[PDB]
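Peer 1: My file is start27.cif. It has mmCIF, N, CA and C atoms and all ligand atoms:
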```
data_upload
#
loop_
_atom_site.label_atom_id
_atom_site.label_comp_id
_atom_site.auth_asym_id
_atom_site.auth_seq_id
_atom_site.Cartn_x
_atom_site.Cartn_y
_atom_site.Cartn_z
N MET E 1 0.85 -1.20 0.00
CA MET E 1 0.00 0.00 0.00
C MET E 1 0.88 1.25 0.00
N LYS E 2 0.24 2.39 0.21
CA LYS E 2 0.94 3.69 0.25
C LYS E 2 0.44 4.51 1.44
N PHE E 3 1.39 4.96 2.26
CA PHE E 3 1.08 5.80 3.42
C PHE E 3 1.45 7.24 3.07
N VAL E 4 0.58 8.19 3.40
CA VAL E 4 0.86 9.59 3.10
C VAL E 4 2.08 10.08 3.89
N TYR E 5 2.26 9.55 5.09
CA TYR E 5 3.39 9.94 5.93
C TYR E 5 4.70 9.63 5.22
N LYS E 6 4.76 8.50 4.51
CA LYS E 6 5.98 8.13 3.80
C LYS E 6 6.10 9.01 2.56
N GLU E 7 4.97 9.26 1.92
CA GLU E 7 4.93 10.08 0.72
C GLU E 7 5.37 11.51 0.98
N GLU E 8 5.03 12.05 2.16
CA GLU E 8 5.38 13.43 2.50
C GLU E 8 6.77 13.64 3.07
N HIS E 9 7.28 12.67 3.82
CA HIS E 9 8.58 12.83 4.44
C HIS E 9 9.62 11.83 3.93
N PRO E 10 10.77 12.33 3.45
CA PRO E 10 11.84 11.47 2.93
C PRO E 10 12.29 10.50 4.02
N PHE E 11 12.71 9.31 3.62
CA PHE E 11 13.16 8.29 4.56
C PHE E 11 14.07 8.83 5.66
N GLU E 12 15.06 9.63 5.27
CA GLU E 12 16.02 10.19 6.22
C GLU E 12 15.37 11.06 7.30
N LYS E 13 14.32 11.80 6.94
CA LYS E 13 13.63 12.65 7.91
C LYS E 13 12.80 11.77 8.85
N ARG E 14 12.13 10.76 8.29
CA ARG E 14 11.31 9.86 9.11
C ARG E 14 12.21 9.08 10.07
N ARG E 15 13.27 8.51 9.54
CA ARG E 15 14.19 7.72 10.36
C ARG E 15 14.79 8.56 11.47
N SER E 16 15.08 9.83 11.16
CA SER E 16 15.66 10.72 12.13
C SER E 16 14.71 10.95 13.30
N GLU E 17 13.44 11.19 13.01
CA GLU E 17 12.48 11.41 14.08
C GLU E 17 12.18 10.12 14.83
N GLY E 18 12.03 9.03 14.08
CA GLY E 18 11.73 7.74 14.68
C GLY E 18 12.82 7.29 15.62
N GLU E 19 14.07 7.39 15.17
CA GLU E 19 15.21 6.98 15.98
C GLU E 19 15.34 7.84 17.24
N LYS E 20 14.98 9.12 17.12
CA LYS E 20 15.03 10.07 18.23
C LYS E 20 13.98 9.74 19.29
N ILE E 21 12.77 9.45 18.83
CA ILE E 21 11.68 9.09 19.73
C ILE E 21 12.04 7.83 20.51
N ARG E 22 12.62 6.86 19.80
CA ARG E 22 13.02 5.60 20.39
C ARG E 22 14.10 5.73 21.45
N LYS E 23 14.92 6.77 21.35
CA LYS E 23 15.98 7.00 22.33
C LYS E 23 15.42 7.76 23.54
N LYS E 24 14.67 8.82 23.27
CA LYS E 24 14.08 9.63 24.33
C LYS E 24 12.99 8.88 25.09
N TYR E 25 12.25 8.02 24.39
CA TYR E 25 11.17 7.24 25.01
C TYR E 25 11.27 5.78 24.60
N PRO E 26 12.17 5.01 25.24
CA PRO E 26 12.35 3.59 24.92
C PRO E 26 11.20 2.69 25.35
N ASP E 27 10.35 3.19 26.24
CA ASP E 27 9.20 2.42 26.73
C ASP E 27 7.99 2.61 25.83
N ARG E 28 8.14 3.44 24.80
CA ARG E 28 7.03 3.69 23.91
C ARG E 28 7.38 3.40 22.46
N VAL E 29 6.36 3.08 21.67
CA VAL E 29 6.60 2.80 20.27
C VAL E 29 5.85 3.80 19.42
N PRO E 30 6.53 4.37 18.41
CA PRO E 30 5.88 5.35 17.53
C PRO E 30 5.10 4.62 16.44
N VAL E 31 3.85 5.02 16.23
CA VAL E 31 3.02 4.37 15.23
C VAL E 31 2.29 5.35 14.31
N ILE E 32 2.27 5.00 13.02
CA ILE E 32 1.58 5.79 12.00
C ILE E 32 0.32 5.02 11.64
N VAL E 33 -0.84 5.66 11.83
CA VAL E 33 -2.10 5.00 11.52
C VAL E 33 -2.85 5.75 10.42
N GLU E 34 -3.13 5.06 9.31
CA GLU E 34 -3.86 5.65 8.20
C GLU E 34 -4.94 4.71 7.70
N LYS E 35 -6.02 5.29 7.17
CA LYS E 35 -7.15 4.50 6.67
C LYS E 35 -6.84 3.84 5.34
N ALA E 36 -7.37 2.64 5.14
CA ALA E 36 -7.16 1.90 3.90
C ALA E 36 -7.87 2.62 2.77
N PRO E 37 -7.29 2.58 1.56
CA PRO E 37 -7.91 3.24 0.41
C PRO E 37 -9.33 2.74 0.14
N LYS E 38 -10.24 3.67 -0.08
CA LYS E 38 -11.63 3.34 -0.37
C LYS E 38 -12.34 2.61 0.77
N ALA E 39 -12.05 2.99 2.01
CA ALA E 39 -12.70 2.39 3.17
C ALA E 39 -13.78 3.38 3.58
N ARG E 40 -15.04 2.95 3.55
CA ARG E 40 -16.13 3.85 3.89
C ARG E 40 -16.31 4.08 5.39
N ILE E 41 -15.19 4.34 6.06
CA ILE E 41 -15.19 4.59 7.49
C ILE E 41 -14.66 5.99 7.77
N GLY E 42 -14.88 6.47 8.99
CA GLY E 42 -14.39 7.79 9.36
C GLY E 42 -12.88 7.87 9.27
N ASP E 43 -12.37 9.02 8.87
CA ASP E 43 -10.93 9.19 8.75
C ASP E 43 -10.39 9.72 10.07
N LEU E 44 -9.11 9.46 10.34
CA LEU E 44 -8.47 9.90 11.57
C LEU E 44 -7.98 11.34 11.52
N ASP E 45 -7.96 11.99 12.68
CA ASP E 45 -7.50 13.36 12.79
C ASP E 45 -6.05 13.37 13.26
N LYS E 46 -5.64 12.29 13.91
CA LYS E 46 -4.28 12.15 14.41
C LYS E 46 -3.71 10.89 13.75
N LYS E 47 -2.55 11.04 13.04
CA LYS E 47 -2.02 9.89 12.30
C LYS E 47 -0.84 9.25 13.04
N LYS E 48 -0.20 10.04 13.88
CA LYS E 48 0.98 9.57 14.64
C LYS E 48 0.67 9.48 16.14
N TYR E 49 1.04 8.34 16.69
CA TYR E 49 0.84 8.04 18.11
C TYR E 49 2.12 7.49 18.74
N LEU E 50 2.23 7.78 20.00
CA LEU E 50 3.33 7.32 20.86
C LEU E 50 2.65 6.54 21.97
N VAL E 51 2.63 5.24 21.81
CA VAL E 51 1.92 4.38 22.77
C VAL E 51 2.84 3.52 23.63
N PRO E 52 2.45 3.28 24.89
CA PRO E 52 3.22 2.45 25.79
C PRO E 52 3.36 1.07 25.18
N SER E 53 4.57 0.52 25.28
CA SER E 53 4.89 -0.81 24.72
C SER E 53 4.01 -1.89 25.35
N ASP E 54 3.46 -1.70 26.54
CA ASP E 54 2.60 -2.70 27.17
C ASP E 54 1.13 -2.59 26.78
N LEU E 55 0.79 -1.57 26.00
CA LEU E 55 -0.60 -1.39 25.56
C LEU E 55 -0.93 -2.53 24.61
N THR E 56 -2.12 -3.10 24.75
CA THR E 56 -2.52 -4.21 23.90
C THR E 56 -3.16 -3.73 22.61
N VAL E 57 -3.19 -4.60 21.62
CA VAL E 57 -3.81 -4.29 20.34
C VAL E 57 -5.31 -4.01 20.56
N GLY E 58 -5.91 -4.71 21.52
CA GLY E 58 -7.32 -4.52 21.81
C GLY E 58 -7.58 -3.13 22.38
N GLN E 59 -6.69 -2.68 23.26
CA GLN E 59 -6.83 -1.35 23.85
C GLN E 59 -6.64 -0.27 22.78
N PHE E 60 -5.79 -0.54 21.80
CA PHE E 60 -5.54 0.42 20.74
C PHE E 60 -6.74 0.45 19.80
N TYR E 61 -7.41 -0.69 19.64
CA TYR E 61 -8.59 -0.77 18.79
C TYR E 61 -9.64 0.20 19.35
N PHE E 62 -9.77 0.17 20.68
CA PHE E 62 -10.72 1.01 21.40
C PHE E 62 -10.35 2.48 21.26
N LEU E 63 -9.07 2.79 21.44
CA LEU E 63 -8.58 4.16 21.32
C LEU E 63 -8.98 4.72 19.96
N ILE E 64 -8.74 3.95 18.91
CA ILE E 64 -9.08 4.36 17.55
C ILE E 64 -10.60 4.44 17.36
N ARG E 65 -11.32 3.44 17.89
CA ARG E 65 -12.78 3.42 17.79
C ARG E 65 -13.35 4.68 18.45
N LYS E 66 -12.83 5.00 19.63
CA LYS E 66 -13.28 6.17 20.37
C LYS E 66 -12.93 7.48 19.66
N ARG E 67 -11.84 7.48 18.89
CA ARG E 67 -11.45 8.70 18.21
C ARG E 67 -12.25 8.97 16.93
N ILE E 68 -12.59 7.92 16.19
CA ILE E 68 -13.36 8.11 14.97
C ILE E 68 -14.85 7.89 15.22
N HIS E 69 -15.21 7.63 16.47
CA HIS E 69 -16.60 7.41 16.87
C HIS E 69 -17.23 6.22 16.16
N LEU E 70 -16.70 5.04 16.45
CA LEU E 70 -17.16 3.79 15.86
C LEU E 70 -17.66 2.88 16.99
N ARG E 71 -18.80 2.22 16.78
CA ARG E 71 -19.36 1.33 17.79
C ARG E 71 -18.81 -0.08 17.62
N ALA E 72 -18.96 -0.90 18.67
CA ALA E 72 -18.47 -2.27 18.65
C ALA E 72 -18.96 -3.05 17.43
N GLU E 73 -20.25 -2.94 17.14
CA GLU E 73 -20.85 -3.64 16.01
C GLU E 73 -20.27 -3.23 14.66
N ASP E 74 -19.58 -2.10 14.63
CA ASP E 74 -18.97 -1.62 13.40
C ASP E 74 -17.64 -2.32 13.19
N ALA E 75 -17.44 -2.86 11.99
CA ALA E 75 -16.20 -3.55 11.68
C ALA E 75 -15.02 -2.60 11.54
N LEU E 76 -13.91 -2.98 12.17
CA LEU E 76 -12.67 -2.21 12.11
C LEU E 76 -11.53 -3.21 12.24
N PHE E 77 -10.68 -3.28 11.21
CA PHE E 77 -9.55 -4.19 11.24
C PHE E 77 -8.22 -3.45 11.13
N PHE E 78 -7.23 -3.90 11.90
CA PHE E 78 -5.90 -3.32 11.86
C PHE E 78 -5.06 -4.20 10.95
N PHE E 79 -4.28 -3.57 10.08
CA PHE E 79 -3.42 -4.32 9.19
C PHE E 79 -2.00 -3.83 9.35
N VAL E 80 -1.10 -4.77 9.63
CA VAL E 80 0.31 -4.46 9.81
C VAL E 80 1.04 -5.43 8.91
N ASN E 81 1.57 -4.92 7.81
CA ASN E 81 2.28 -5.76 6.84
C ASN E 81 1.33 -6.86 6.37
N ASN E 82 0.09 -6.47 6.10
CA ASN E 82 -0.94 -7.39 5.64
C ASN E 82 -1.18 -8.52 6.63
N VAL E 83 -1.27 -8.17 7.90
CA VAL E 83 -1.51 -9.15 8.94
C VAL E 83 -2.37 -8.51 10.03
N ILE E 84 -3.53 -9.12 10.28
CA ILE E 84 -4.45 -8.63 11.30
C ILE E 84 -3.99 -9.23 12.62
N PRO E 85 -3.42 -8.40 13.50
CA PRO E 85 -2.91 -8.84 14.80
C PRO E 85 -3.96 -9.25 15.83
N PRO E 86 -3.58 -10.14 16.76
CA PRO E 86 -4.51 -10.59 17.80
C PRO E 86 -4.62 -9.45 18.82
N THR E 87 -5.81 -9.29 19.40
CA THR E 87 -6.05 -8.24 20.37
C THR E 87 -5.20 -8.40 21.63
N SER E 88 -4.79 -9.63 21.91
CA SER E 88 -3.99 -9.93 23.09
C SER E 88 -2.51 -9.54 22.93
N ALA E 89 -2.08 -9.27 21.70
CA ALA E 89 -0.70 -8.88 21.46
C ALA E 89 -0.48 -7.45 21.96
N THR E 90 0.74 -7.15 22.40
CA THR E 90 1.06 -5.80 22.86
C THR E 90 1.68 -4.99 21.72
N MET E 91 1.54 -3.67 21.79
CA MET E 91 2.11 -2.81 20.76
C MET E 91 3.64 -2.98 20.70
N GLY E 92 4.22 -3.34 21.83
CA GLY E 92 5.67 -3.56 21.90
C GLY E 92 6.06 -4.78 21.07
N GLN E 93 5.22 -5.80 21.16
CA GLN E 93 5.43 -7.05 20.44
C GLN E 93 5.30 -6.80 18.93
N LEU E 94 4.20 -6.17 18.54
CA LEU E 94 3.95 -5.84 17.12
C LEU E 94 5.13 -5.05 16.55
N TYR E 95 5.52 -4.05 17.30
CA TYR E 95 6.61 -3.15 16.90
C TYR E 95 7.91 -3.92 16.66
N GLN E 96 8.20 -4.80 17.58
CA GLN E 96 9.41 -5.62 17.54
C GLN E 96 9.48 -6.46 16.26
N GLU E 97 8.32 -6.96 15.86
CA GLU E 97 8.20 -7.84 14.68
C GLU E 97 7.91 -7.06 13.40
N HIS E 98 7.32 -5.70 13.45
CA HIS E 98 6.85 -5.23 12.14
C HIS E 98 7.34 -3.81 11.84
N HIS E 99 8.01 -3.21 12.81
CA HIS E 99 8.53 -1.84 12.63
C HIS E 99 9.38 -1.80 11.35
N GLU E 100 9.36 -0.64 10.71
CA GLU E 100 10.12 -0.42 9.47
C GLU E 100 11.48 0.20 9.81
N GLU E 101 12.29 0.34 8.78
CA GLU E 101 13.67 0.87 8.90
C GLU E 101 13.73 2.30 9.47
N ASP E 102 12.65 3.05 9.32
CA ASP E 102 12.61 4.45 9.82
C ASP E 102 12.19 4.47 11.31
N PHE E 103 12.11 3.27 11.86
CA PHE E 103 11.79 3.02 13.29
C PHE E 103 10.30 3.22 13.65
N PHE E 104 9.46 3.34 12.65
CA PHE E 104 8.01 3.52 12.89
C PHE E 104 7.26 2.22 12.59
N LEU E 105 6.16 2.07 13.29
CA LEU E 105 5.25 0.93 13.11
C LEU E 105 4.06 1.48 12.33
N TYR E 106 3.85 0.93 11.15
CA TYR E 106 2.76 1.39 10.27
C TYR E 106 1.57 0.44 10.32
N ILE E 107 0.44 1.03 10.67
CA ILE E 107 -0.83 0.31 10.77
C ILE E 107 -1.88 0.96 9.87
N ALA E 108 -2.49 0.11 9.08
CA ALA E 108 -3.54 0.55 8.17
C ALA E 108 -4.81 0.02 8.81
N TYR E 109 -5.91 0.75 8.68
CA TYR E 109 -7.16 0.27 9.24
C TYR E 109 -8.28 0.35 8.22
N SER E 110 -9.23 -0.57 8.32
CA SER E 110 -10.36 -0.62 7.41
C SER E 110 -11.57 -1.27 8.06
N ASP E 111 -12.69 -1.28 7.34
CA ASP E 111 -13.92 -1.88 7.83
C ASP E 111 -14.13 -3.27 7.25
N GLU E 112 -13.20 -3.71 6.41
CA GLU E 112 -13.28 -5.02 5.78
C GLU E 112 -11.92 -5.69 5.70
N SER E 113 -11.92 -7.01 5.60
CA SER E 113 -10.68 -7.78 5.50
C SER E 113 -10.42 -8.14 4.05
N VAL E 114 -9.69 -7.28 3.34
CA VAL E 114 -9.37 -7.54 1.94
C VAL E 114 -7.86 -7.55 1.75
NA NA E 201 -12.97 -5.28 15.41
NI NI E 202 5.73 16.83 7.84
NI NI E 203 -15.24 13.75 17.47
#
```
What would the structure in this file look like if it were written as structure tokens?
Ligand code: NA
Ligand code: NI
Ligand code: NI
Peer 2:
Amino acid sequence: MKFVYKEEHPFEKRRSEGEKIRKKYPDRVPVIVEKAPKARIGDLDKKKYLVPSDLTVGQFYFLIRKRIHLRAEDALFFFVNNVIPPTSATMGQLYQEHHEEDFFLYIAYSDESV
């Protein structure tokens, strides 16, 4: 896919900020969250988050649901490198396995599993 954050900032600028955040806040993981193309769901107002490494994927689902005003019955899937993570996984775990070279964890979200 394509993330606007990558499109707007050259790798060197992203890596510089990501690496800096990781040094100043080693207990937190930086994450870029963007909506999947052509997803008929609410768009996010905040694309970058600094979340505690012990925060679970389920808790992050709620954070995002609460921000875009989505109810439980509404479908919302997180995609990280084309993989829908288990809610029991921690953001620290995901980050460790899926973070990119610029030190950021990129998550795409949608209302369908395609
Ligand atoms: Na869900
Ligand atoms: Ni910028
Ligand atoms: Ni609102």
Peer 1: Taking all atoms listed in the file into account, which of E:91, E:97, E:71, E:102 comes nearest residue 28 of chain E?
Peer 2: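 Closest candidate: E:91.
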Peer 1: Could you list the protein, DNA and RNA residues that have any atom within 7 Å of ligand NA 201 (chain E), counting only N, CA and C atoms and all ligand atoms, and write them as a list in words?
Peer 2: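 Using only N, CA and C atoms and all ligand atoms, everything at most 7 Å from ligand NA 201 (chain E) comes to residues 72, 74, 75, 76, 77 and 78 of chain E.
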Peer 1: Ligand NI 203 (chain E): which residues are within 10 Å, counting only C-alpha atoms and all ligand atoms, as a PDB file with N, CA and C atoms, in the coordinates of the input?
Peer 2:
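Full text of out-v3.pdb as output:
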```pdb
ATOM      1  N   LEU E  44      -9.110   9.460  10.340  1.00  0.00           N
ATOM      2  CA  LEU E  44      -8.470   9.900  11.570  1.00  0.00           C
ATOM      3  C   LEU E  44      -7.980  11.340  11.520  1.00  0.00           C
ATOM      4  N   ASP E  45      -7.960  11.990  12.680  1.00  0.00           N
ATOM      5  CA  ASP E  45      -7.500  13.360  12.790  1.00  0.00           C
ATOM      6  C   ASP E  45      -6.050  13.370  13.260  1.00  0.00           C
ATOM      7  N   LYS E  66     -12.830   5.000  19.630  1.00  0.00           N
ATOM      8  CA  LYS E  66     -13.280   6.170  20.370  1.00  0.00           C
ATOM      9  C   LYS E  66     -12.930   7.480  19.660  1.00  0.00           C
ATOM     10  N   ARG E  67     -11.840   7.480  18.890  1.00  0.00           N
ATOM     11  CA  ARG E  67     -11.450   8.700  18.210  1.00  0.00           C
ATOM     12  C   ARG E  67     -12.250   8.970  16.930  1.00  0.00           C
ATOM     13  N   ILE E  68     -12.590   7.920  16.190  1.00  0.00           N
ATOM     14  CA  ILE E  68     -13.360   8.110  14.970  1.00  0.00           C
ATOM     15  C   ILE E  68     -14.850   7.890  15.220  1.00  0.00           C
ATOM     16  N   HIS E  69     -15.210   7.630  16.470  1.00  0.00           N
ATOM     17  CA  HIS E  69     -16.600   7.410  16.870  1.00  0.00           C
ATOM     18  C   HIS E  69     -17.230   6.220  16.160  1.00  0.00           C
TER      19      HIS E  69
END
```
Peer 1: Enumerate, as a PyMOL selection string, the complete set of residues in chain E that a backbone-based DSSP assignment places in strand (DSSP E).
Peer 2: chain E and resi 28-35+48-52+77-79+105-110
Peer 1: Give the helix (DSSP H, G or I) residues of segment 63-112 of chain E, as assigned by DSSP on the backbone, as an MDAnalysis selection string.
Peer 2: chainID E and resid 63:68 91:98
Peer 1: I'd like the neighbourhood of residue 51 of chain E as an MDAnalysis selection string, where a residue qualifies if any of its atoms comes within 8 Å (using all atoms listed in the file), though same-chain residues fewer than 3 positions away should be ignored.
Peer 2: chainID E and resid 27:31 48 54:55 91:92
Peer 1: Could those selected residues go to a file with N, CA and C atoms, as a short mmCIF file (atom, residue, chain, number, x, y, z; two decimals), in the coordinates of the input?
Peer 2:
```cif
data_model
loop_
_atom_site.label_atom_id
_atom_site.label_comp_id
_atom_site.auth_asym_id
_atom_site.auth_seq_id
_atom_site.Cartn_x
_atom_site.Cartn_y
_atom_site.Cartn_z
N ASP E 27 10.35 3.19 26.24
CA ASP E 27 9.20 2.42 26.73
C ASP E 27 7.99 2.61 25.83
N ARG E 28 8.14 3.44 24.80
CA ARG E 28 7.03 3.69 23.91
C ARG E 28 7.38 3.40 22.46
N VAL E 29 6.36 3.08 21.67
CA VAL E 29 6.60 2.80 20.27
C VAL E 29 5.85 3.80 19.42
N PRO E 30 6.53 4.37 18.41
CA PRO E 30 5.88 5.35 17.53
C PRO E 30 5.10 4.62 16.44
N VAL E 31 3.85 5.02 16.23
CA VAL E 31 3.02 4.37 15.23
C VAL E 31 2.29 5.35 14.31
N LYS E 48 -0.20 10.04 13.88
CA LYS E 48 0.98 9.57 14.64
C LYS E 48 0.67 9.48 16.14
N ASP E 54 3.46 -1.70 26.54
CA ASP E 54 2.60 -2.70 27.17
C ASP E 54 1.13 -2.59 26.78
N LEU E 55 0.79 -1.57 26.00
CA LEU E 55 -0.60 -1.39 25.56
C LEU E 55 -0.93 -2.53 24.61
N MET E 91 1.54 -3.67 21.79
CA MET E 91 2.11 -2.81 20.76
C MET E 91 3.64 -2.98 20.70
N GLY E 92 4.22 -3.34 21.83
CA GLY E 92 5.67 -3.56 21.90
C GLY E 92 6.06 -4.78 21.07
#
```
Peer 1: Taking all atoms listed in the file into account, name the residue in E:19, E:43, E:100, E:8 that is nearest to ligand NI 202 (chain E).
Peer 2: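 Looking at the shortest contact to ligand NI 202 (chain E), the residue is E:8.
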Peer 1: Hey, which of E:98, E:9, E:23, E:46 ends up closest to ligand NI 202 (chain E)? Count only N, CA and C atoms and all ligand atoms.
Peer 2: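 Going through E:98, E:9, E:23, E:46 one by one, the smallest distance to ligand NI 202 (chain E) is for E:9.
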Peer 1: May I have the residues within 10 Å of ligand NI 202 (chain E), computed using only C-alpha atoms and all ligand atoms, as an MDAnalysis selection string?
Peer 2: chainID E and resid 4:10 13:14
Peer 1: Please put the answer as AutoDock Vina command-line options: centre and edge lengths, in Å with one decimal, of a box along x, y and z that encloses all listed atoms of segment 68-85 of chain E plus 3 Å on each side.
Peer 2:
```
--center_x -9.3 --center_y -0.6 --center_z 12.2 --size_x 29.1 --size_y 23.4 --size_z 19.0
```
